[PDB]
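> Got a structure here, written out as structure tokens. Questions coming.
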Amino acid sequence: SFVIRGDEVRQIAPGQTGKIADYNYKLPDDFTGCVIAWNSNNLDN
Amino acid sequence: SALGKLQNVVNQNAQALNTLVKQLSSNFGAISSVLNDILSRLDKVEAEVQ
């Protein structure tokens, strides 16, 4: 778990690419589970 | 044409392999029939479908 910009939410999936996946957190290409995301301007910082 | 059967066996073997080799280069609905092409410009999941 982590916070990213609202446009950036797209990036988190198996097989997907981009510098978050590349340099911050690689998912395995055969992941199992769920990705859950929502805004948090109370954490806006 | 005296050696009808044997020459047809040799023909059939060459014909089978040229068929089988041509088929390496058939698309089957994949974007290319030469494997490295598909790997050249796709994300690994999309590539693995193709």
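Residues are named by chain letter and number: chains run A, B, ... in the order of the structure tokens, numbers start at 1 in each chain, and ligands are numbered from 1 in the order shown.
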Given a cut-off of 8 Å, which residues of chain B touch chain A, counting only C-alpha atoms, written out as a list in words?
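My answer is residues 43, 44 and 45 of chain B.
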> Looking only at the backbone, which of the residues in chain A does DSSP tag as helix (DSSP H, G or I), as an mmCIF file with N, CA and C atoms, in the first residue's frame?

```cif
data_model
loop_
_atom_site.group_PDB
_atom_site.id
_atom_site.type_symbol
_atom_site.label_atom_id
_atom_site.label_comp_id
_atom_site.auth_asym_id
_atom_site.auth_seq_id
_atom_site.Cartn_x
_atom_site.Cartn_y
_atom_site.Cartn_z
ATOM 1 N N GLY A 6 -4.194 10.962 -8.565
ATOM 2 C CA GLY A 6 -5.453 10.369 -9.033
ATOM 3 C C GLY A 6 -5.422 9.891 -10.480
ATOM 4 N N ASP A 7 -4.735 10.617 -11.363
ATOM 5 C CA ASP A 7 -4.481 10.163 -12.735
ATOM 6 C C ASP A 7 -3.578 8.916 -12.807
ATOM 7 N N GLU A 8 -2.676 8.749 -11.838
ATOM 8 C CA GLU A 8 -1.700 7.663 -11.761
ATOM 9 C C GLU A 8 -2.293 6.307 -11.362
ATOM 10 N N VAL A 9 -3.501 6.278 -10.785
ATOM 11 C CA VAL A 9 -4.201 5.065 -10.306
ATOM 12 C C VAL A 9 -4.245 3.953 -11.354
ATOM 13 N N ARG A 10 -4.327 4.324 -12.636
ATOM 14 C CA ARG A 10 -4.289 3.419 -13.794
ATOM 15 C C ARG A 10 -3.181 2.357 -13.745
ATOM 16 N N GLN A 11 -2.010 2.692 -13.197
ATOM 17 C CA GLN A 11 -0.759 1.962 -13.432
ATOM 18 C C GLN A 11 -0.698 0.564 -12.799
ATOM 19 N N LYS A 19 6.998 3.938 -14.780
ATOM 20 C CA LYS A 19 8.074 4.047 -13.771
ATOM 21 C C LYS A 19 7.654 3.719 -12.346
ATOM 22 N N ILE A 20 6.372 3.789 -12.009
ATOM 23 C CA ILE A 20 5.889 3.209 -10.751
ATOM 24 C C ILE A 20 6.110 1.688 -10.750
ATOM 25 N N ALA A 21 5.585 0.965 -11.736
ATOM 26 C CA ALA A 21 5.824 -0.471 -11.870
ATOM 27 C C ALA A 21 7.319 -0.814 -12.030
ATOM 28 N N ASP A 22 8.060 0.026 -12.750
ATOM 29 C CA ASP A 22 9.464 -0.170 -13.074
ATOM 30 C C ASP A 22 10.414 0.029 -11.893
ATOM 31 N N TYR A 23 10.267 1.140 -11.174
ATOM 32 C CA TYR A 23 11.261 1.662 -10.231
ATOM 33 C C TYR A 23 10.747 1.788 -8.800
ATOM 34 N N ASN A 41 -7.762 13.424 -0.181
ATOM 35 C CA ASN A 41 -7.342 14.826 -0.007
ATOM 36 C C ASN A 41 -7.158 15.253 1.464
ATOM 37 N N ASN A 42 -7.696 14.503 2.429
ATOM 38 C CA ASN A 42 -7.303 14.623 3.839
ATOM 39 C C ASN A 42 -5.807 14.340 4.074
ATOM 40 N N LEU A 43 -5.193 13.538 3.195
ATOM 41 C CA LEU A 43 -3.759 13.246 3.113
ATOM 42 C C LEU A 43 -3.029 14.153 2.087
#
```
> What gap, in Å, lies between atom CA of residue B:24 and atom CA of residue B:50?
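Atom CA of residue B:24 sits 14.4 Å away from atom CA of residue B:50.
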> Skipping near chain neighbours, those fewer than 3 positions away, what residues fall within 9 Å of residue B:34 using only C-alpha atoms, listed as a PyMOL selection string?
chain B and resi 24-27+37-38
